[PDB]
């Protein structure tokens, strides 16, 4: 019983660095975070910000989730994220990732008490 909230931390938080300073980054990180145990996860996003900052988004701009739910919120300022996308030559269990860096607003879905993120919906 890993909590969705802990699951969110494992899958999307990386405060430890302020930017994906490497092209290794995704390869390492996707494997490190167990996003390659069942299969190659096609796409994952990592957020280079404090946990409190990312949790604070849960009381920022309420916006429609991609699945039609009302429990998504958009960051007021941009955040340092790193998109990991799976390449063509990625074959499980040799999962390989094109690292990509940007500053975009994030959008997350929150739920629970305390009200915290359990899902990364999009960057904008």
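Numbering follows the first chain given and starts at 1. Rigid core here is just the name for the largest C-alpha set that superposes within 1.5 Å across the two forms.
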Taking RMS over all structures and residues, which stretch has CA atoms farther from the shown form in 6 other deposited structures of this protein, 72 to 80 or 34 to 42, after a rigid core fit? 34 to 42
Look up the CA B-factors in the entry and say which stretch, 80 to 88 or 56 to 64, has the higher mean. 80 to 88
Taking only the CA atoms, which stretch has the higher mean B-factor in the record, 104 to 112 or 12 to 20? 12 to 20
According to the Cα B-factor stored in this entry, which of the following is highest: 72, 47, 96, 29? 96
